[PDB]
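**Q** File name model-v1.txt; file contents compact mmCIF, C-alpha atoms and all ligand atoms; full text below.
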# COMPACT_ATOMS: atom_id res chain seq x y z
CA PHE A 37 -58.25 -8.53 14.48
CA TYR A 38 -57.12 -11.84 12.98
CA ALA A 39 -53.42 -11.27 13.64
CA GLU A 40 -53.94 -9.95 17.16
CA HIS A 41 -56.97 -11.80 18.50
CA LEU A 42 -58.75 -14.53 16.52
CA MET A 43 -55.75 -16.50 15.25
CA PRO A 44 -53.88 -16.37 18.60
CA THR A 45 -57.08 -17.45 20.36
CA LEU A 46 -57.72 -20.24 17.86
CA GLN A 47 -54.17 -21.60 17.91
CA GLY A 48 -54.43 -21.75 21.68
CA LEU A 49 -57.41 -24.09 21.43
CA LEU A 50 -56.74 -26.37 18.47
CA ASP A 51 -53.65 -28.34 17.51
CA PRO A 52 -52.41 -27.30 14.05
CA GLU A 53 -53.85 -30.26 12.12
CA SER A 54 -57.31 -29.82 13.63
CA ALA A 55 -57.06 -26.10 12.91
CA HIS A 56 -56.07 -26.88 9.32
CA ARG A 57 -59.01 -29.25 8.85
CA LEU A 58 -61.39 -26.64 10.26
CA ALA A 59 -59.90 -23.94 8.03
CA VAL A 60 -60.40 -26.08 4.93
CA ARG A 61 -64.00 -26.75 5.95
CA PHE A 62 -64.77 -23.09 6.66
CA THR A 63 -63.17 -22.06 3.38
CA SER A 64 -64.94 -24.69 1.28
CA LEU A 65 -68.28 -23.66 2.80
CA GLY A 66 -67.49 -20.06 1.91
CA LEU A 67 -67.85 -18.87 5.50
CA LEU A 68 -65.30 -16.07 5.11
CA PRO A 69 -66.16 -12.54 3.87
CA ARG A 70 -65.52 -11.94 0.18
CA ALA A 71 -62.18 -10.09 0.04
CA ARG A 72 -62.57 -6.32 -0.32
CA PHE A 73 -59.30 -5.65 -2.14
CA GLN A 74 -59.94 -5.30 -5.86
CA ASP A 75 -57.00 -6.29 -8.06
CA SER A 76 -55.62 -3.50 -10.21
CA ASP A 77 -54.28 -4.03 -13.73
CA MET A 78 -50.80 -3.58 -12.23
CA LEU A 79 -50.99 -7.03 -10.66
CA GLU A 80 -51.94 -8.96 -13.79
CA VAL A 81 -49.37 -11.43 -15.09
CA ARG A 82 -49.38 -13.43 -18.32
CA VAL A 83 -47.35 -16.63 -18.13
CA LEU A 84 -47.63 -20.42 -18.55
CA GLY A 85 -50.16 -19.81 -21.32
CA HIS A 86 -52.61 -18.04 -19.02
CA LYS A 87 -53.64 -14.73 -17.51
CA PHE A 88 -53.30 -14.36 -13.74
CA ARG A 89 -55.31 -11.45 -12.36
CA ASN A 90 -52.83 -11.22 -9.49
CA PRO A 91 -49.52 -13.01 -8.79
CA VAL A 92 -50.37 -14.37 -5.34
CA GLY A 93 -51.40 -18.01 -5.12
CA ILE A 94 -52.12 -20.51 -2.37
CA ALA A 95 -49.27 -23.04 -2.19
CA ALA A 96 -49.77 -26.81 -2.34
CA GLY A 97 -50.55 -28.52 0.95
CA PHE A 98 -53.39 -26.35 2.21
CA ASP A 99 -56.03 -27.87 -0.06
CA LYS A 100 -54.52 -31.31 -0.63
CA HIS A 101 -57.71 -32.89 -1.99
CA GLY A 102 -59.28 -30.07 -3.99
CA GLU A 103 -62.08 -29.31 -1.51
CA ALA A 104 -61.80 -25.55 -1.09
CA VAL A 105 -60.83 -24.18 -4.51
CA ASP A 106 -63.69 -21.74 -4.91
CA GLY A 107 -63.38 -20.51 -1.34
CA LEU A 108 -59.70 -19.83 -1.98
CA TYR A 109 -60.42 -17.64 -5.02
CA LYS A 110 -62.95 -15.81 -2.84
CA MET A 111 -60.12 -15.22 -0.36
CA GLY A 112 -58.35 -13.24 -3.07
CA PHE A 113 -55.76 -15.65 -4.42
CA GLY A 114 -54.93 -15.07 -8.08
CA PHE A 115 -54.49 -18.79 -8.61
CA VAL A 116 -55.00 -22.00 -6.66
CA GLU A 117 -52.80 -25.08 -6.50
CA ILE A 118 -54.22 -28.26 -4.97
CA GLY A 119 -52.32 -31.36 -3.88
CA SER A 120 -50.11 -33.13 -3.57
CA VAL A 121 -52.38 -35.89 -4.86
CA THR A 122 -51.18 -39.51 -4.94
CA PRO A 123 -52.49 -42.20 -7.32
CA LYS A 124 -54.11 -44.37 -4.63
CA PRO A 125 -55.58 -43.03 -1.37
CA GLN A 126 -53.21 -43.13 1.59
CA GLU A 127 -53.30 -41.94 5.18
CA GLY A 128 -49.88 -40.34 5.52
CA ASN A 129 -47.82 -40.41 8.71
CA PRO A 130 -49.17 -41.04 12.23
CA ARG A 131 -50.11 -38.03 14.39
CA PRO A 132 -48.91 -35.70 15.54
CA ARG A 133 -47.35 -34.66 12.22
CA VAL A 134 -47.69 -30.86 12.15
CA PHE A 135 -46.09 -28.39 14.59
CA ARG A 136 -46.20 -24.64 15.11
CA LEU A 137 -43.11 -22.59 15.92
CA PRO A 138 -44.80 -19.30 16.85
CA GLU A 139 -41.55 -17.65 18.03
CA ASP A 140 -40.16 -18.24 14.53
CA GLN A 141 -43.34 -17.65 12.55
CA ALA A 142 -42.64 -21.12 11.18
CA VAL A 143 -44.22 -24.55 10.84
CA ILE A 144 -42.74 -28.04 10.69
CA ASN A 145 -44.79 -30.76 9.02
CA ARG A 146 -44.35 -34.44 8.20
CA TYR A 147 -47.77 -35.26 6.76
CA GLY A 148 -46.31 -37.78 4.33
CA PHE A 149 -48.72 -37.20 1.42
CA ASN A 150 -52.05 -37.89 3.10
CA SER A 151 -54.24 -37.98 0.00
CA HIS A 152 -57.78 -38.90 -1.06
CA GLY A 153 -56.20 -40.25 -4.23
CA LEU A 154 -56.58 -39.46 -7.93
CA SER A 155 -60.07 -40.91 -8.43
CA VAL A 156 -61.70 -38.93 -5.62
CA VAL A 157 -60.00 -35.67 -6.62
CA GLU A 158 -60.80 -36.32 -10.30
CA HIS A 159 -64.52 -36.51 -9.61
CA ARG A 160 -64.34 -33.55 -7.24
CA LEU A 161 -62.78 -31.38 -9.97
CA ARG A 162 -65.12 -32.73 -12.65
CA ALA A 163 -68.11 -31.55 -10.61
CA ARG A 164 -66.93 -27.95 -11.06
CA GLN A 165 -64.99 -28.29 -14.32
CA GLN A 166 -66.95 -25.72 -16.32
CA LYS A 167 -66.99 -23.26 -13.43
CA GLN A 168 -63.20 -23.55 -13.43
CA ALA A 169 -63.01 -23.10 -17.20
CA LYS A 170 -64.73 -19.73 -16.70
CA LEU A 171 -62.54 -18.80 -13.74
CA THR A 172 -59.43 -19.62 -15.77
CA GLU A 173 -60.64 -17.54 -18.73
CA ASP A 174 -61.27 -14.82 -16.14
CA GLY A 175 -57.64 -14.87 -15.04
CA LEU A 176 -57.91 -17.32 -12.14
CA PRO A 177 -56.00 -20.52 -13.12
CA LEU A 178 -55.87 -23.88 -11.35
CA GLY A 179 -52.74 -25.90 -10.67
CA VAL A 180 -52.66 -29.55 -9.66
CA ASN A 181 -49.69 -30.90 -7.71
CA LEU A 182 -48.83 -34.59 -8.18
CA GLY A 183 -47.16 -36.91 -5.70
CA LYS A 184 -46.17 -40.56 -5.35
CA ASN A 185 -47.60 -43.33 -3.15
CA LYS A 186 -45.43 -44.53 -0.27
CA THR A 187 -45.40 -48.15 -1.46
CA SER A 188 -45.14 -47.54 -5.21
CA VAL A 189 -42.48 -49.58 -7.01
CA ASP A 190 -42.33 -47.22 -10.00
CA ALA A 191 -42.22 -43.49 -9.26
CA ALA A 192 -42.40 -42.39 -12.88
CA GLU A 193 -45.55 -44.47 -13.35
CA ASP A 194 -47.22 -42.75 -10.39
CA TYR A 195 -46.62 -39.33 -11.93
CA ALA A 196 -47.67 -40.59 -15.35
CA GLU A 197 -50.98 -41.76 -13.84
CA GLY A 198 -51.46 -38.32 -12.33
CA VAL A 199 -50.86 -36.61 -15.68
CA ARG A 200 -53.41 -38.87 -17.36
CA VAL A 201 -56.11 -38.50 -14.71
CA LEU A 202 -55.81 -34.89 -13.52
CA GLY A 203 -53.87 -33.31 -16.37
CA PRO A 204 -57.11 -32.80 -18.35
CA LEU A 205 -58.54 -30.82 -15.42
CA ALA A 206 -55.52 -28.61 -14.71
CA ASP A 207 -54.11 -25.41 -16.16
CA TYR A 208 -50.72 -26.55 -14.92
CA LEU A 209 -49.35 -29.70 -13.32
CA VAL A 210 -46.58 -29.85 -10.73
CA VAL A 211 -44.18 -32.77 -10.54
CA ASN A 212 -43.39 -32.67 -6.84
CA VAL A 213 -40.02 -34.33 -6.34
CA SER A 214 -39.11 -32.26 -3.28
CA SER A 215 -41.22 -33.44 -0.35
CA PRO A 216 -38.88 -34.16 2.58
CA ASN A 217 -41.43 -36.60 3.98
CA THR A 218 -41.43 -39.48 1.50
CA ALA A 219 -38.35 -41.70 1.58
CA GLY A 220 -36.29 -41.50 -1.59
CA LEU A 221 -38.46 -38.89 -3.29
CA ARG A 222 -35.88 -36.09 -3.32
CA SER A 223 -33.36 -38.30 -5.11
CA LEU A 224 -35.65 -37.94 -8.13
CA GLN A 225 -34.13 -34.46 -8.39
CA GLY A 226 -30.87 -36.06 -9.52
CA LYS A 227 -30.00 -35.44 -13.17
CA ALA A 228 -30.38 -38.95 -14.61
CA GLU A 229 -33.48 -39.80 -12.58
CA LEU A 230 -35.09 -36.43 -13.29
CA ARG A 231 -34.49 -36.65 -17.03
CA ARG A 232 -36.06 -40.11 -17.21
CA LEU A 233 -39.00 -39.10 -15.03
CA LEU A 234 -39.72 -35.83 -16.83
CA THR A 235 -39.36 -37.36 -20.29
CA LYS A 236 -42.14 -39.80 -19.39
CA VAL A 237 -44.27 -37.08 -17.77
CA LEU A 238 -43.96 -34.79 -20.79
CA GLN A 239 -44.79 -37.57 -23.24
CA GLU A 240 -47.97 -38.38 -21.31
CA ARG A 241 -48.83 -34.67 -21.17
CA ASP A 242 -48.26 -34.27 -24.91
CA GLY A 243 -50.63 -37.16 -25.55
CA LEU A 244 -53.56 -35.23 -24.09
CA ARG A 245 -55.98 -33.39 -26.38
CA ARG A 246 -54.92 -29.79 -26.94
CA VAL A 247 -57.60 -28.03 -24.90
CA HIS A 248 -56.85 -30.41 -22.01
CA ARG A 249 -53.06 -30.07 -22.21
CA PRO A 250 -51.52 -28.48 -19.05
CA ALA A 251 -48.20 -26.74 -18.59
CA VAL A 252 -45.79 -28.91 -16.59
CA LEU A 253 -43.65 -27.51 -13.77
CA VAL A 254 -41.17 -29.16 -11.40
CA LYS A 255 -41.15 -28.23 -7.71
CA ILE A 256 -37.71 -28.35 -6.14
CA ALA A 257 -36.19 -28.28 -2.66
CA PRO A 258 -34.37 -25.37 -0.96
CA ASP A 259 -31.64 -27.80 0.08
CA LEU A 260 -30.01 -28.57 -3.27
CA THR A 261 -26.27 -28.52 -3.86
CA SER A 262 -24.89 -26.20 -6.54
CA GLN A 263 -24.38 -29.31 -8.69
CA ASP A 264 -28.03 -30.32 -8.16
CA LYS A 265 -29.26 -26.92 -9.32
CA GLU A 266 -27.00 -26.88 -12.38
CA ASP A 267 -28.26 -30.32 -13.38
CA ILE A 268 -31.92 -29.40 -12.93
CA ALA A 269 -31.48 -26.26 -15.02
CA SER A 270 -29.79 -28.35 -17.72
CA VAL A 271 -32.58 -30.95 -17.79
CA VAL A 272 -35.34 -28.33 -17.77
CA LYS A 273 -33.80 -26.67 -20.81
CA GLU A 274 -33.08 -29.97 -22.56
CA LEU A 275 -36.67 -31.19 -22.23
CA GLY A 276 -38.57 -27.91 -22.51
CA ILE A 277 -40.12 -28.06 -19.04
CA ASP A 278 -42.59 -25.19 -18.77
CA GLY A 279 -41.59 -23.87 -15.36
CA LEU A 280 -40.22 -24.37 -11.86
CA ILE A 281 -41.71 -24.01 -8.40
CA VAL A 282 -39.09 -22.82 -5.93
CA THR A 283 -39.15 -23.94 -3.19
CA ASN A 284 -40.64 -26.73 -1.08
CA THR A 285 -39.95 -26.87 2.67
CA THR A 286 -36.43 -27.23 4.09
CA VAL A 287 -34.95 -30.15 6.07
CA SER A 288 -32.37 -27.69 7.38
CA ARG A 289 -32.81 -26.02 10.76
CA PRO A 290 -31.31 -22.53 10.44
CA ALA A 291 -29.35 -21.28 13.42
CA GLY A 292 -31.55 -19.08 15.58
CA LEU A 293 -34.81 -21.06 15.67
CA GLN A 294 -36.47 -20.49 19.05
CA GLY A 295 -39.54 -22.72 18.91
CA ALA A 296 -39.62 -25.56 21.43
CA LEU A 297 -40.53 -27.92 18.59
CA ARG A 298 -37.62 -26.94 16.33
CA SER A 299 -36.11 -30.44 16.40
CA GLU A 300 -39.22 -32.27 15.19
CA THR A 301 -38.62 -34.23 11.99
CA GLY A 302 -40.13 -32.74 8.84
CA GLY A 303 -40.03 -29.83 6.43
CA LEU A 304 -39.68 -26.32 7.83
CA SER A 305 -41.76 -23.50 6.31
CA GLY A 306 -42.42 -19.83 7.05
CA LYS A 307 -40.06 -16.97 7.82
CA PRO A 308 -36.90 -19.03 8.49
CA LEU A 309 -37.22 -20.41 4.94
CA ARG A 310 -37.86 -17.09 3.22
CA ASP A 311 -34.43 -15.95 2.09
CA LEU A 312 -33.12 -19.46 1.43
CA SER A 313 -36.02 -19.77 -1.03
CA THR A 314 -35.43 -16.33 -2.53
CA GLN A 315 -31.76 -17.15 -3.15
CA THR A 316 -32.73 -20.44 -4.79
CA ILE A 317 -35.10 -18.53 -7.08
CA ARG A 318 -32.28 -16.11 -7.87
CA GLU A 319 -29.93 -18.95 -8.80
CA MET A 320 -32.43 -20.93 -10.90
CA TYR A 321 -33.46 -17.79 -12.80
CA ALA A 322 -29.82 -17.12 -13.69
CA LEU A 323 -29.11 -20.75 -14.62
CA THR A 324 -32.12 -20.78 -16.96
CA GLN A 325 -31.29 -17.35 -18.40
CA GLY A 326 -34.65 -15.98 -17.30
CA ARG A 327 -36.37 -18.03 -19.99
CA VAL A 328 -38.15 -20.44 -17.65
CA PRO A 329 -41.11 -19.18 -15.58
CA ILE A 330 -40.63 -19.53 -11.82
CA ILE A 331 -43.27 -19.63 -9.12
CA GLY A 332 -41.55 -18.41 -5.98
CA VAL A 333 -42.64 -19.87 -2.65
CA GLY A 334 -41.33 -19.90 0.92
CA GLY A 335 -41.82 -17.44 3.76
CA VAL A 336 -43.95 -14.89 1.91
CA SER A 337 -45.99 -12.87 4.42
CA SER A 338 -45.83 -9.31 3.03
CA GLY A 339 -45.66 -7.27 -0.14
CA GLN A 340 -41.93 -6.84 0.38
CA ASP A 341 -41.48 -10.61 0.64
CA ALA A 342 -43.39 -11.06 -2.62
CA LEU A 343 -41.53 -8.32 -4.48
CA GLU A 344 -38.15 -9.68 -3.38
CA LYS A 345 -38.95 -13.04 -4.95
CA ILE A 346 -40.35 -11.36 -8.07
CA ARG A 347 -37.23 -9.18 -8.45
CA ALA A 348 -35.12 -12.32 -7.89
CA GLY A 349 -36.86 -13.93 -10.86
CA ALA A 350 -40.33 -15.18 -9.89
CA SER A 351 -43.23 -14.47 -12.27
CA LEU A 352 -45.72 -15.58 -9.59
CA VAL A 353 -45.55 -16.26 -5.86
CA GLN A 354 -47.39 -18.51 -3.42
CA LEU A 355 -47.87 -18.58 0.34
CA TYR A 356 -49.22 -21.03 2.91
CA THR A 357 -47.63 -20.70 6.35
CA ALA A 358 -48.35 -16.95 6.64
CA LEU A 359 -52.05 -17.84 6.43
CA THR A 360 -51.73 -20.02 9.51
CA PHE A 361 -50.42 -17.13 11.61
CA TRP A 362 -52.14 -14.06 10.17
CA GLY A 363 -55.25 -15.63 8.69
CA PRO A 364 -57.17 -14.69 5.50
CA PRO A 365 -56.48 -10.92 5.73
CA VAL A 366 -52.85 -11.57 4.82
CA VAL A 367 -53.78 -12.20 1.19
CA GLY A 368 -55.15 -8.70 0.61
CA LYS A 369 -52.33 -7.25 2.70
CA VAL A 370 -49.66 -8.83 0.50
CA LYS A 371 -51.38 -7.61 -2.67
CA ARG A 372 -51.95 -4.08 -1.37
CA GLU A 373 -48.35 -3.77 -0.17
CA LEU A 374 -47.00 -5.26 -3.41
CA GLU A 375 -48.90 -2.72 -5.51
CA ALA A 376 -47.61 0.17 -3.37
CA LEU A 377 -44.01 -1.04 -3.56
CA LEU A 378 -44.14 -1.54 -7.32
CA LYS A 379 -45.25 2.09 -7.68
CA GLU A 380 -42.60 3.30 -5.24
CA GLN A 381 -39.82 1.50 -7.11
CA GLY A 382 -40.80 2.72 -10.55
CA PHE A 383 -42.37 -0.42 -12.00
CA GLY A 384 -45.41 -0.07 -14.23
CA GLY A 385 -46.56 -3.48 -13.07
CA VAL A 386 -45.54 -6.91 -11.79
CA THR A 387 -44.29 -7.94 -15.22
CA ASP A 388 -41.72 -5.13 -15.30
CA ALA A 389 -40.31 -6.25 -11.95
CA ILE A 390 -39.75 -9.92 -12.82
CA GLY A 391 -36.03 -10.59 -12.60
CA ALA A 392 -35.25 -6.89 -12.14
CA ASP A 393 -32.37 -7.61 -9.74
CA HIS A 394 -30.47 -9.40 -12.51
CA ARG A 395 -30.56 -6.32 -14.76
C1 LIG A 401 -48.64 -28.35 6.32
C2 LIG A 401 -47.93 -28.24 4.97
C3 LIG A 401 -48.21 -29.18 3.98
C4 LIG A 401 -47.58 -29.11 2.74
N1 LIG A 401 -47.92 -30.01 1.73
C5 LIG A 401 -47.34 -29.91 0.45
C6 LIG A 401 -47.68 -30.80 -0.55
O1 LIG A 401 -48.52 -31.68 -0.35
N2 LIG A 401 -47.10 -30.69 -1.82
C7 LIG A 401 -46.16 -29.69 -2.08
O2 LIG A 401 -45.66 -29.58 -3.20
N3 LIG A 401 -45.81 -28.79 -1.06
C8 LIG A 401 -46.40 -28.91 0.20
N4 LIG A 401 -46.05 -28.01 1.22
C9 LIG A 401 -45.04 -26.97 0.92
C10 LIG A 401 -45.67 -25.63 0.54
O3 LIG A 401 -46.39 -25.77 -0.68
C11 LIG A 401 -44.62 -24.53 0.37
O4 LIG A 401 -43.73 -24.90 -0.69
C12 LIG A 401 -43.80 -24.31 1.65
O5 LIG A 401 -44.64 -24.42 2.80
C13 LIG A 401 -43.12 -22.94 1.64
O6 LIG A 401 -44.09 -21.88 1.59
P1 LIG A 401 -44.58 -21.16 2.95
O7 LIG A 401 -43.45 -20.74 3.80
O8 LIG A 401 -45.49 -19.91 2.47
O9 LIG A 401 -45.58 -22.18 3.68
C14 LIG A 401 -46.66 -28.09 2.48
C15 LIG A 401 -46.38 -27.15 3.47
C16 LIG A 401 -47.02 -27.22 4.71
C17 LIG A 401 -46.75 -26.12 5.75
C1 LIG A 402 -50.02 -25.63 9.09
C2 LIG A 402 -51.40 -26.28 9.20
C3 LIG A 402 -52.51 -25.28 8.89
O1 LIG A 402 -53.02 -25.24 7.77
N1 LIG A 402 -52.85 -24.49 9.90
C4 LIG A 402 -53.79 -23.54 9.86
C5 LIG A 402 -54.53 -23.30 8.70
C6 LIG A 402 -55.50 -22.30 8.68
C7 LIG A 402 -55.74 -21.53 9.82
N2 LIG A 402 -56.69 -20.59 9.82
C8 LIG A 402 -57.69 -20.62 10.90
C9 LIG A 402 -56.70 -19.58 8.75
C10 LIG A 402 -58.00 -19.66 7.95
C11 LIG A 402 -59.22 -19.37 8.56
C12 LIG A 402 -60.39 -19.48 7.81
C13 LIG A 402 -60.30 -19.86 6.48
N3 LIG A 402 -59.12 -20.12 5.94
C14 LIG A 402 -57.99 -20.04 6.62
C15 LIG A 402 -55.00 -21.78 10.97
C16 LIG A 402 -54.03 -22.78 10.99
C17 LIG A 402 -53.26 -23.04 12.29
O2 LIG A 402 -52.40 -23.95 12.29
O3 LIG A 402 -53.52 -22.34 13.29
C1 LIG A 403 -59.18 -40.69 3.19
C2 LIG A 403 -57.98 -41.41 2.59
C3 LIG A 403 -56.72 -41.28 3.45
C4 LIG A 403 -56.19 -39.84 3.53
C5 LIG A 403 -57.01 -38.97 4.48
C6 LIG A 403 -56.57 -37.51 4.39
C7 LIG A 403 -57.29 -36.64 5.41
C8 LIG A 403 -57.03 -35.16 5.11
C9 LIG A 403 -57.63 -34.23 6.17
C10 LIG A 403 -57.59 -32.77 5.74
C11 LIG A 403 -56.18 -32.28 5.37
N1 LIG A 403 -55.26 -32.30 6.51
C12 LIG A 403 -53.90 -32.05 6.00
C13 LIG A 403 -55.61 -31.25 7.48
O1 LIG A 403 -55.27 -33.60 7.17
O1 LIG A 404 -44.25 -31.62 -0.74
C1 LIG A 404 -44.43 -31.67 0.47
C2 LIG A 404 -45.23 -32.84 1.06
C3 LIG A 404 -45.83 -32.47 2.42
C4 LIG A 404 -46.32 -33.74 3.12
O2 LIG A 404 -45.67 -34.12 4.12
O3 LIG A 404 -47.31 -34.32 2.63
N1 LIG A 404 -44.84 -31.77 3.25
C5 LIG A 404 -44.09 -30.73 2.69
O4 LIG A 404 -43.59 -29.87 3.41
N2 LIG A 404 -43.90 -30.68 1.30
Would you write the structure of this file as structure tokens?
**A**
Amino acid sequence: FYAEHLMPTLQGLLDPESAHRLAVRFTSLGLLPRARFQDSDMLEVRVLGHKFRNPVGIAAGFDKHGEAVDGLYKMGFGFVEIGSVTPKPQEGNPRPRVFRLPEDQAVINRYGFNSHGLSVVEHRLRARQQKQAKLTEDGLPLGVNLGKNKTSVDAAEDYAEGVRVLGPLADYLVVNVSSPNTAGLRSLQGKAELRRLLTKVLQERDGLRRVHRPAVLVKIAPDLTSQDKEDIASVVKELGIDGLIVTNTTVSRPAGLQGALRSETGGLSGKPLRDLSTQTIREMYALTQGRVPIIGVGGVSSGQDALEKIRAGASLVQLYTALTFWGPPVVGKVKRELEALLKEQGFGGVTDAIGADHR
């Protein structure tokens, strides 16, 4: 009903940003039905120092300001990541800044880190901090994704601020150095810049009290050169980074895009990104010898999509764009299909399938 009627009818009435705002509101108010699908033990994953009751999370960008976390767990996500959050509030780019490519099952966005800022999000998370502590213990962890202000003159200091303010409230933190929509940000993926940045981030993280000490992951682009990926793997292993998120949106425009809006500036997400992301997961898993947990993201809209990223080396996956086309039912669909495929392919559970292609 969502895929065939409601979503198509909604998208025909609201521009994508308005639709997004409404979706966040509806979710935060808990207007959706509580998901029927009950997670089986097969879907449980233990990684990053936590239990995840299922491996399917909501990717950063949907709940940028931490407004809909509980509604998202109700939707059936096994973990929630909010953000990106910047130190000071900022408006992001002028509108329009989000575009649907329905013929491609893709989206292009250039939000530019519109963010309520650390202080607002801090108090928002504090208001439900003990509820989250129980959810986490129950296998439903919370990630917080950190960004940088447009006018900041010290990128490392922006991330350090984010570690200090939201680190205590997060099960894991994400150093997002892969947004295509903030000038100069992706250059922080370079070896020397990344090592300096992550050394500072990890020191700030290590200075937090033990029970408030998050895992730290780095989120990378799908558009890296082979040299870029080798350098990132090297730095991650040198510094003991806890994990990678692979990938952000692509600035590439793959041959074959049909959408009228295909040449809008911004990051491309959804199906055209899927296999580019999967191959990046595959490479980073190999470069890190399977020792570094990967959250695989990009174009996941089915159980097969999820399992392909898991077999390529992901311990967990996330989705966003699929939600915008298929709506809330896609979460249970992905989980149900993933369980069936795991059984069909001889895996006792998700854990057995992680990196299976490499063996
Ligand atoms: C509208 C939109 C906003 C996004 N905002 C962020 C963000 O703030 N921080 C971040 O790390 N990734 C952000 N992303 C990237 C997603 O987290 C994800 O990496 C990417 O969309 C690929 O997954 P998908 O194809 O399932 O959407 C955004 C994506 C979209 C579509
Ligand atoms: C790319 C910008 C973006 O986020 N877009 C959307 C996000 C959610 C939804 N829903 C209506 C799904 C939904 C419905 C109710 C609750 N949660 C999610 C639709 C869209 C859309 O663009 O049509
Ligand atoms: C309020 C301080 C400046 C940033 C405002 C951000 C508004 C965010 C609106 C909901 C999220 N969305 C991506 C749909 O705009
Ligand atoms: O990390 C990010 C940032 C986001 C934005 O434009 O705010 N757009 C994206 O596609 N990825």
**Q** Can you work out which residues are within 9 Å of ligand LIG 404 (chain A), considering all atoms listed in the file, and then hand them over as a count of residues only?
**A** 35
**Q** Please compute the CA of residue 228 (chain A)-CA of residue 328 (chain A) distance, one decimal, in Å.
**A**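 So the two atoms, CA of residue 228 (chain A) and CA of residue 328 (chain A), lie 20.3 Å apart.
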**Q** Pick out the closest residue to residue 53 (chain A) from this set: A:269, A:366, A:352, A:143. Count all atoms listed in the file.
**A**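 Smallest distance to residue 53 (chain A) is found for A:143.
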**Q** Once 6 Å is added on each side, what are the centre and the three edge lengths, in Å to one decimal, of the axis-aligned box enclosing the listed atoms of ligand LIG 403 (chain A)? Present them as lines of an AutoDock Vina configuration file.
**A**
center_x = -56.5
center_y = -36.3
center_z = 5.0
size_x = 17.3
size_y = 22.2
size_z = 16.9
**Q** For the atom pair CA of residue 245 (chain A) and CA of residue 350 (chain A), what is the interatomic distance in Å to one decimal place?
**A**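 If I compute the distance from CA of residue 245 (chain A) to CA of residue 350 (chain A), I get 29.1 Å.
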**Q** Would you compute the distance between CA of residue 89 (chain A) and CA of residue 175 (chain A)? Give it in Å to one decimal.
**A** 4.9 Å
**Q** Identify which of the residues A:93, A:220, A:125, A:114 lies closest to ligand LIG 403 (chain A), counting all atoms listed in the file when measuring atom-to-atom distances.
**A** A:125
**Q** Using all atoms listed in the file, determine which residues lie at most 10 Å from residue 118 (chain A), disregarding the query and same-chain residues fewer than 2 positions distant; provide the list as an MDAnalysis selection string.
**A** chainID A and resid 94:105 116 120:121 157 178:182 206 209:210
**Q** Here is a test: counting all atoms listed in the file, which residue of A:192, A:272, A:58, A:309 is nearest to ligand LIG 402 (chain A)?
**A** A:58
**Q** Find the residues near residue 355 (chain A): any atom within 9 Å, counting all atoms listed in the file, skip ones fewer than 4 places away on the same chain, and give them as a VMD selection string.
**A** chain A and resid 92 to 96 306 332 to 337 359 367
**Q** Could the residues in this selection be saved with C-alpha atoms as a PDB file, in the frame of the given file?
**A**
ATOM      1  CA  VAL A  92     -50.370 -14.370  -5.340  1.00  0.00           C
ATOM      2  CA  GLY A  93     -51.400 -18.010  -5.120  1.00  0.00           C
ATOM      3  CA  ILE A  94     -52.120 -20.510  -2.370  1.00  0.00           C
ATOM      4  CA  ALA A  95     -49.270 -23.040  -2.190  1.00  0.00           C
ATOM      5  CA  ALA A  96     -49.770 -26.810  -2.340  1.00  0.00           C
ATOM      6  CA  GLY A 306     -42.420 -19.830   7.050  1.00  0.00           C
ATOM      7  CA  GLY A 332     -41.550 -18.410  -5.980  1.00  0.00           C
ATOM      8  CA  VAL A 333     -42.640 -19.870  -2.650  1.00  0.00           C
ATOM      9  CA  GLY A 334     -41.330 -19.900   0.920  1.00  0.00           C
ATOM     10  CA  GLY A 335     -41.820 -17.440   3.760  1.00  0.00           C
ATOM     11  CA  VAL A 336     -43.950 -14.890   1.910  1.00  0.00           C
ATOM     12  CA  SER A 337     -45.990 -12.870   4.420  1.00  0.00           C
ATOM     13  CA  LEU A 359     -52.050 -17.840   6.430  1.00  0.00           C
ATOM     14  CA  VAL A 367     -53.780 -12.200   1.190  1.00  0.00           C
TER      15      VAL A 367
END
**Q** Nearest to residue 234 (chain A): which of A:195, A:111, A:88, A:288 is it, counting only C-alpha atoms?
**A**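 When distances to residue 234 (chain A) are compared using only C-alpha atoms, the smallest one comes from A:195.
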**Q** Using all atoms listed in the file, which residue out of A:205, A:353, A:219, A:358 lies closest to ligand LIG 402 (chain A)?
**A**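 Under the stated criterion, the closest residue is A:358.
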**Q** So which residues touch residue 247 (chain A) within 9 Å, counting only C-alpha atoms, skipping near sequence neighbours fewer than 3 positions away, as a PyMOL selection string?
**A** chain A and resi 204+244+250
**Q** Which residue gives the smallest distance to ligand LIG 402 (chain A) among A:136, A:345, A:82, A:72, with only C-alpha atoms and all ligand atoms counted?
**A**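 Ranking A:136, A:345, A:82, A:72 by distance to ligand LIG 402 (chain A), first place goes to A:136.
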**Q** Can you tell me which residues sit at most 7 Å away from ligand LIG 402 (chain A), counting only C-alpha atoms and all ligand atoms, written as a list in words?
**A** residues 43, 46, 47, 51, 52, 53, 55, 56, 59, 60, 62, 63, 68, 98, 134, 136, 143, 357, 359, 360, 361, 363 and 364 of chain A
**Q** Using only C-alpha atoms, what residues lie at most 12 Å away from (-29.6, -17.0, -19.0) (file coordinates), given as a VMD selection string?
**A** chain A and resid 269 to 270 273 318 to 328 349 391 394 to 395
